[PDB]
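Structure record follows, encoded as structure tokens.
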Amino acid sequence: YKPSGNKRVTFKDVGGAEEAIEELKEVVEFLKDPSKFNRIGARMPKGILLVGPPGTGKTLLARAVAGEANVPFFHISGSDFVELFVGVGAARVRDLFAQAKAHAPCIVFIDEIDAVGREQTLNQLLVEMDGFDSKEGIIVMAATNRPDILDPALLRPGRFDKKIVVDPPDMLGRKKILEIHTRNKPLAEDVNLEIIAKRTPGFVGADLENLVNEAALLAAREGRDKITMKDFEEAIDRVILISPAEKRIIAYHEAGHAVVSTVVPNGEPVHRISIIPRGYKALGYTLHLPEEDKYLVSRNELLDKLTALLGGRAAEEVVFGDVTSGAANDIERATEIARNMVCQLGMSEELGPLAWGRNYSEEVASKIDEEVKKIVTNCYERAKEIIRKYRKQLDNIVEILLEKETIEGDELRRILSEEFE
Amino acid sequence: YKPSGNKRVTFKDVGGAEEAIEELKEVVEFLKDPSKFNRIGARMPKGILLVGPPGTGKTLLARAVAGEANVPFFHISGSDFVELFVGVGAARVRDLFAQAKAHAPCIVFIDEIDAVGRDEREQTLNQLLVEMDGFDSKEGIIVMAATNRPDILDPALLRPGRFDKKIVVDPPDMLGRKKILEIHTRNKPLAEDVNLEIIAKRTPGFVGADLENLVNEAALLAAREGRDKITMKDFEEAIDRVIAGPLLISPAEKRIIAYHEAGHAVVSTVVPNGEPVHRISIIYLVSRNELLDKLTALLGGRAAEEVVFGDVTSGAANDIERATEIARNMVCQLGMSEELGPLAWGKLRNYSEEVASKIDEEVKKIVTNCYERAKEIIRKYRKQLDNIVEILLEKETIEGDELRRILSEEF
Amino acid sequence: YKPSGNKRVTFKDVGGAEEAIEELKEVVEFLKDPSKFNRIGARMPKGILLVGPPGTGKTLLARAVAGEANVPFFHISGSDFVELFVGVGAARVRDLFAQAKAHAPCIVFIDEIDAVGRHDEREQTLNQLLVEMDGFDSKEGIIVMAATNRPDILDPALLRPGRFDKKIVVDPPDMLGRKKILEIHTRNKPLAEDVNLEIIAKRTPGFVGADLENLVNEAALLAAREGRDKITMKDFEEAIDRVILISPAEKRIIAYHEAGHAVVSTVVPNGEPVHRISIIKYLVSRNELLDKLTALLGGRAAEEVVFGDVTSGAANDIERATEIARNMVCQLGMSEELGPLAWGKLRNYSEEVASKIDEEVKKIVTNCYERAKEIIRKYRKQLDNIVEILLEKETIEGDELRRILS
Amino acid sequence: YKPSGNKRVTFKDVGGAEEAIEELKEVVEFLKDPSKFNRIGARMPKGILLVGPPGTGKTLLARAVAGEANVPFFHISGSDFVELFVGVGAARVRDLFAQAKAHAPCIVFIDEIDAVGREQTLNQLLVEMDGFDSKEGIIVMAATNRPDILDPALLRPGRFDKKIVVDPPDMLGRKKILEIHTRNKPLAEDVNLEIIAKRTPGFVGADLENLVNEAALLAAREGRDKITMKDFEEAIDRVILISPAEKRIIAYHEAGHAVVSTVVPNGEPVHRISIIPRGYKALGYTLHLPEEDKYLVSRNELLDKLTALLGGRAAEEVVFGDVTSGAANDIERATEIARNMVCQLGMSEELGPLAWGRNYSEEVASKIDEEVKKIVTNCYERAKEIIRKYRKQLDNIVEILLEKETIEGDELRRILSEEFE
Ligand SMILES: Nc1ncnc2c1ncn2[C@@H]1O[C@H](COP(=O)(O)OP(=O)(O)O)[C@@H](O)[C@H]1O
Ligand SMILES: Nc1ncnc2c1ncn2[C@@H]1O[C@H](COP(=O)(O)OP(=O)(O)O)[C@@H](O)[C@H]1O
Ligand SMILES: Nc1ncnc2c1ncn2[C@@H]1O[C@H](COP(=O)(O)OP(=O)(O)O)[C@@H](O)[C@H]1O
Ligand SMILES: Nc1ncnc2c1ncn2[C@@H]1O[C@H](COP(=O)(O)OP(=O)(O)O)[C@@H](O)[C@H]1O
Ligand SMILES: [Mg+2]
Ligand SMILES: [Mg+2]
Ligand SMILES: [Mg+2]
Ligand SMILES: [Mg+2]
Ligand SMILES: [Zn+2]
Ligand SMILES: [Zn+2]
Ligand SMILES: [Zn+2]
Ligand SMILES: [Zn+2]
């Protein structure tokens, strides 16, 4: 394999991710001279996971880090390994790392890392991660919008043991991204990117770069030498949000996750809750992440986890009397877990300490289904029992959420303790 | 591979395709003077996919764009590459693009692209991909492709950088038929009794290719009788000819489709969560009730047919399919079933026959409830249903601040 | 490449190809006076492909068009161009079109066009053809006709609009057509007054024009051989054995099967008008489909009623009919009990539903079957009459059939 | 494709098939100068099917015919077309014939013709057969040891409308084949091929050529310049028949086919019966051949045909009280036919005029099975009823069969009429 011949980027070229750039500044410092860290035992991560929705500059930042450190950048895409013949995947992972070490210090980027990190190909990856010497100035960055799908072996210490969340940009972030992608473009005097930032809720960087291109097409179509405000207004429409009653439901869903995870004894600590459309900081997402601290999980831990996953839906049903599609992913994950308890873990009553999996009769298929349904239904009703018992808290957390949108650190811990002290 | 030696056409030659022509105007300007775009980095697509039924003018539009830009037009048929010996297809694609670059700007147009882009075909298609990726848009080359079989295409073909822009070419309605008849009648001697509106109205289902043939058959009728003008009777009789030569919508059928279309519109309007209805023509997160409303509306066409005609036709097949998809999704994915619980059933089926059976009863129950509700709505609003149909038959299309008001004056 | 110096033929010389003659009459009008079409923009085809087995009159037809219009005829054979030195074929095609333009209006006829219109010098030769077709002005009254019994061998470039985009199918003659062919080839011969050409048509199923001409000739040689000045019926009867199949029992059966489809189609309110029987919409409603299904089952219905035994003949129909029923039940929501639901598409539903679908499909097909049988029994006599005519002539027209259903 | 560069053979090189060579002598005469036939309207076949077990010189004779006429020979193998991508099969059939015509007169040989003649590939074959002009000196020969598997469209007149049966060789045929393959070999004086012919019952030409090679290996192994009798004796053993009580059963099976086919009204005329191990002249084989005369078949014709197919087994059961494996192929063919009556032809009581085929429920699967079983069982019991009623005839036919081995022409017709007059 042969390093990217693409155009070098820096952080100059990345808008609306000042938090991410902050954390990555050390990695740039490391790459520029690892010997400053090495000399005093400052141990950097070997793997850094970038998490966010597509088109949010995950790949961009990886490249910005390499250009900023003026180091080679290897771009691989996870979806290139799936579908490969027997062994070809692992041999490419081998080669990748052999090239990385020959060109160290360097960045190795693996896009769509979920594509490989859901056997041989991933096992080879894990051995390479642990096989290489951080001190040689090698850092592997990976991107995913599906971190819930990842093998927890990937996130073990000594691997991708740090991650950074790249969120969609708000109005101020959108404006900046507009300015970046308009730098070398000829704008009319009447163009106001502020109004365009305001009128593009939900748009990510990729969409905004596109909108800018659509705007340029509109000018060029008419043979014009400057892009007008009308061209930007018009372009938005070519590429085409949340109601205050939908905001409410989303808030109740997220609060529901939070309340149930707090009450349930083996609940996952709640560090942040958020009602940003697709922020991956929300707890709703978090609850779908693979267990990275432990290696064993107990039946009661799973039932507690399952009950937390169904908290979103429990809160909607209790409060609104009906349910939306919001909980589809929660339903799917909860079902997966229960099927796994029954068919792999030997955690059903009736089915016994047996691996079922298809290898078995309709008669067993049927008991499996009954058993899986029982677990999920029982956890769901437990969730609602909890919601109802802690309705006032649920209501309180919603109220703040509607106001603040995202609650994160020491502040969140004040609120939860006030509320469940 | 050589550019076409046939007659240069322009948009003056295309009828009833105004929306497609407006999307294509950009391409015409780019080709006239790429510098205007390249100058300000207005990135054009490399490949444009034209999608529509046969004889609707896909090839014509591709030609019109080249003619309008006064650039060479390469006319290729996907069907030529299939059946070819080992490697001959790839080598042809390679050559094809070699010539395009030597003639740039130009249009390369691949008809029947689903013939190539559905061993050897792999290599042929792989080679297509390579050439698409391999050419510089800035150099004024546009590849257009046509298909009436888009679902059969490899998604690799639709990736960004490839055929990532699609334009839909629709069958003409009354006024479009009328325009196409006028285009193909420009240079022909017509009797004073000929009325192309009436012939527009009498040829619902006809595409541009059908109408051009119609005109010629009319002409052949006059010629056979040695007459120096084409008469209305010639056109009328030509209709019956084009038919039995090689699909007209019958008047009775027109009626049924009108009621089907009026039905969707009536139900959509009554149902609280109905989708606004912008047009009727003869030619993040959702709630349970949003979905039941959607489903009920989707079943309105069939509901109208059943209530008005008693019988039901094949016309609601696509809507039944969609309605059923929605209800399986509700039962199997969203946990919106009475009895089956907040469980994901499926993902391919990983459950017992006992469950499969309950799923079927629950899907059938949802769809059947929405169906009966649709019928109640149609019976309750039969008068307005009938008024919309009457107008829709007169015009074939109702739209805009005219459909806007009709639904108010009625509801 | 000069106008053929062979005998003038007209349509009077072509037997049993009325449909194709009717398609070609406009070509003749055009050749006689192109200006009639030219002046109103009536565009004629540049290429007409005649498709059919050897000896059916493809060449004869082309010659008759020219003789009929009194216009020159250039006869070329595609098999001449195979095997040629480098370039020679293209140059011949160039010259051939140069000659047609000098002599227009005219017919240029290419026999065995598959021999050229099919991997080397043929490319060159074929490409020149495509160029010349594209190059010539139709309005000049030039028409190129081609013949093949091998149309699937043909390069589709040839069949594209502006080229050979009109195909005329030429079939083996039915009994009346064979009779006419015999008249034609007998015009100039001394026949005895005992010669019954109809009986000879009847006894010669499967014979094509070339076969029947040969037979007349063998009859003539037979009489001459015996020093006789008239050709008798015995000569023709003996000739048949010389120029040389389906059981008459099997023929009966096929005839009842076909007549059955036709009676049911006619009787059933939504059936498809019958245009022809031979023993060789956008939307569709529930009733229309049931009527169609019933009609599809008529052949078999006619066998069961008439013969009590059924043959493998209805296999395709049974398949078709079952396809329709399954689609009614599974895609069209036209079942009693199964609702306005799509079941399937492969199978996305339970065994309980699988089994209900089979009951319902079975019930529809069976009901339509019984109904077909009722129609057959009710119209037995006319069924019998139709079969009696069908067996005699091999091919009857709808108008005739509806008439018998008096 | 490019004509065989293999070594030219003549009939000189083919042993123990004097009957086959006789029939093929005309084809040689035709190929040498088709104009002698053409001139007086002598119409040759366009297709000639060679039938026999493998290793019996089917391919050999095809090549002998071409070498004898000194004409080009195209060898194709049917199994080369199956497994090919979409269209490649038909395009190769096209090309084959295009080459044949360019090199006419010539022989086109299609080995393992059953491999293609059981859609597009066979349909193309049929059009080529009917597309070519016999008078151009083109004859297509085909070989198969599975003619029961062939599409009856192949055997229609104007195609493979003549066939020749090549049987295993008896002792005298075996001796000749031994002599041919020993011509250029150095034999000891003590070698007696006669005794070797006698001791190799069941051996075909291919086996005998092999035995000869094994004999040569034994000499060469010991460094010897002549092949000894001991070497031949020894070689037989390296490559390794019927009991007089098995002969009896085979005779009763074949007689059973004959008796039932005679009695049953729509029975297939019986032209020969044989108890040669694998002669394809036997009626047992014949009854498995595809209907080549007709196009329609009636329910009663099939029931009669089914009953005849089961006559072999019926005779064994009636006479010996039990049954052997001999009837496996008959059972399989009879089942095929009944399944076809029920599922395709609309010839069941209960199932109706419906195409079943899987497209259908377990409930229907089950009725199908019941229906198919009913037909076969009813036909089987009919067969036995017939055997018992005509036991004396059955006994008589066996007796002759045991004596004569094969009964063929006018003689067979005497016997059957005496017996069922
Ligand atoms: N934060 C950002 N600031 C400026 N441009 C951005 C940003 N995010 C995305 N873009 C632009 O849009 C594209 C986003 O694609 P990518 O970097 O692959 O995002 P992701 O990896 O999240 O899918 C980039 O190529 C970049 O040009
Ligand atoms: N929209 C139209 N306006 C005018 N003529 C049309 C139109 N559509 C088709 N035609 C006539 O019929 C022909 C249709 O062929 P084509 O453009 O190949 O349609 P498609 O490519 O969609 O199959 C055209 O060449 C033209 O003569
Ligand atoms: N339909 C027909 N009517 C009269 N004669 C015919 C007919 N078809 C064939 N023949 C006779 O047989 C001869 C050979 O037929 P030909 O025209 O060469 O048929 P094709 O071109 O289909 O091979 C003709 O010249 C003609 O004399
Ligand atoms: N009748 C025979 N006479 C002489 N040799 C034979 C005979 N039959 C087969 N052989 C030899 O053994 C081989 C038999 O193979 P082959 O001709 O393919 O038979 P088949 O086509 O029946 O399988 C031949 O190559 C030939 O050398
Ligand atoms: Mg992405
Ligand atoms: Mg088209
Ligand atoms: Mg001919
Ligand atoms: Mg063999
Ligand atoms: Zn959630
Ligand atoms: Zn609809
Ligand atoms: Zn039929
Ligand atoms: Zn047997």
Side-chain angles (χ1 to χ4, degrees), chain A residues 184-186 202 210 212-227 241-242 246 249-250 253 277-278 310 313-314 317 320 322-336 338-339 343 357-358 362-370 372-374 376-377 379-380, chain B residues 22-45 156 159-160 164-165 284-292 294 326 329-337 339-359:
Chain A
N184 209 335
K185 293 280 183 79
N210 223 88
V212 160
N213 185 75
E214 284 302 327
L217 278 161
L218 281 171
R221 189 232 297 245
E222 273 192 29
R224 286 183 292 89
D225 29 32
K226 326 159 203 186
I227 312 178
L241 207 47
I242 280 177
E246 287 180 296
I249 299 146
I250 296 162
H253 180 104
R278 18 183 265 284
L310 295 162
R313 199 174 158 92
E317 199 190 316
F320 298 98
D322 219 341
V323 117
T324 50
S325 52
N329 59 170
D330 290 337
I331 283 163
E332 170 175 46
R333 188 56 154 258
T335 300
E336 259 163 32
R339 272 198 85 85
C343 297
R358 89 193 184 183
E362 170 49 24
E363 183 136 282
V364 168
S366 209
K367 296 155 181 183
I368 290 176
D369 284 354
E370 271 156 17
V372 169
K373 189 176 185 183
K374 213 150 283 166
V376 172
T377 297
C379 286
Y380 184 57
Chain B
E22 231 281 318
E23 274 306 334
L24 287 177
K25 285 168 171 165
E26 288 198 343
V27 195
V28 164
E29 297 312 296
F30 181 61
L31 294 168
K32 279 181 178 139
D33 186 356
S35 96
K36 287 284 181 199
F37 295 50
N38 300 334
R39 280 177 80 249
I40 61 168
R43 164 182 60 260
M44 283 287 293
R159 307 275 177 95
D164 51 16
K165 151 98 290 214
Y284 246 136
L285 200 204
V286 59
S287 86
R288 177 192 232 106
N289 280 336
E290 271 150 295
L291 294 171
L292 291 181
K294 190 191 196 128
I326 290 185
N329 202 84
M330 290 180 66
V331 171
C332 292
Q333 280 173 123
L334 311 179
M336 280 181 191
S337 166
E339 233 45 64
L340 283 174
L343 276 110
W345 296 106
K347 269 218 221 65
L348 173 155
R349 115 150 196 232
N350 55 2
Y351 47 83
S352 48
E353 160 64 18
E354 162 196 294
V355 173
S357 199
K358 293 151 171 193
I359 292 177

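These values consider heavy atoms only, across backbone and side chains, with no hydrogens, waters or symmetry-generated copies. Note on naming: letters A, B, ... go to the chains in the order of the sequence lines (proteins, then strands), and numbering restarts at 1 for each one.
Side chains of A:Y380 and A:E317: a donor-acceptor N/O pair is present below 3.5 angstrom, by distance only.
Proximity to chain A involves both the backbone and the side chain of B:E353, based on heavy atoms less than 4.5 angstrom apart. Of the two parts of A:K373, the backbone and the side chain both hold a non-hydrogen atom closer than 4.5 Å to a non-hydrogen atom of chain B. Heavy atoms of A:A334 lying under 4.5 Å from chain B are absent altogether. Interface remark: B:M336 contributes backbone and side-chain atoms alike to the contact with chain A (heavy atom separation under 4.5 Å). Contact annotation for A:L217: both backbone and side-chain heavy atoms come within less than 4.5 Å of a heavy atom of chain B. With a 4.5 angstrom heavy-atom cutoff, A:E370 touches chain B only via side-chain atoms. Of the two parts of A:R339, only the side chain, counted from C-beta on, holds a non-hydrogen atom closer than 4.5 Å to a non-hydrogen atom of chain B. With a 4.5 angstrom heavy-atom cutoff, A:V212 does not touch chain B via any of its atoms.
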Got a list of side-chain donor-acceptor pairs under 3.5 Å for residues 25-32 of chain B, not counting sequence neighbours?
residue: B:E26; atom: OE2; partner: A:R238; partner atom: NH2; Å: 3.1
residue: B:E29; atom: OE2; partner: B:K32; partner atom: NZ; Å: 3.0

Yes or no on side chain to side chain contact (heavy atoms under 4.5 Å, CB included) for B:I359 and B:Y351, after CA distance, side-chain angles and deciding distance?
CA-CA 10 Å; B:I359 292 177; B:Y351 47 83; 3.6 Å; yes
Could you walk me through whether A:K367 and A:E363 pass salt bridge (charged side-chain N to carboxylate O under 4.0 Å, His left out), step by step?
CA-CA 7 Å; A:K367 296 155 181 183; A:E363 183 136 282; 5.2 Å; no
How far apart are the C-alpha atoms of A:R358 and B:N350, what are their side-chain angles, what is the distance that settles it, and do they pass the side chain to side chain contact (heavy atoms under 4.5 Å, CB included) test?
CA-CA 8 Å; A:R358 89 193 184 183; B:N350 55 2; over 6 Å; no
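The two atoms that bring B:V286 and B:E290 nearest to each other are CG2-CB, 3.3 Å, heavy atoms only.
With respect to chain A, the highest number of heavy-atom pairs below 4.5 Å among B:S287, B:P342, B:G335, B:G41 belongs to B:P342. If you tally non-hydrogen atom pairs under 4.5 Å between each of A:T377, A:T335, A:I227, A:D369 and chain B, the highest count goes to A:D369. Between chain B and the residues A:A215, A:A216, A:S325, A:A365, the most heavy-atom pairs under 4.5 angstrom are made by A:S325.
Every side chain to side chain contact (heavy atoms under 4.5 Å, CB included) that B:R43 has, sequence neighbours left out, goes to A:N213.
Annotation for B:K294: atom NZ does not count as buried by contact number, only 12 or fewer foreign heavy atoms lying within 6.0 Å.
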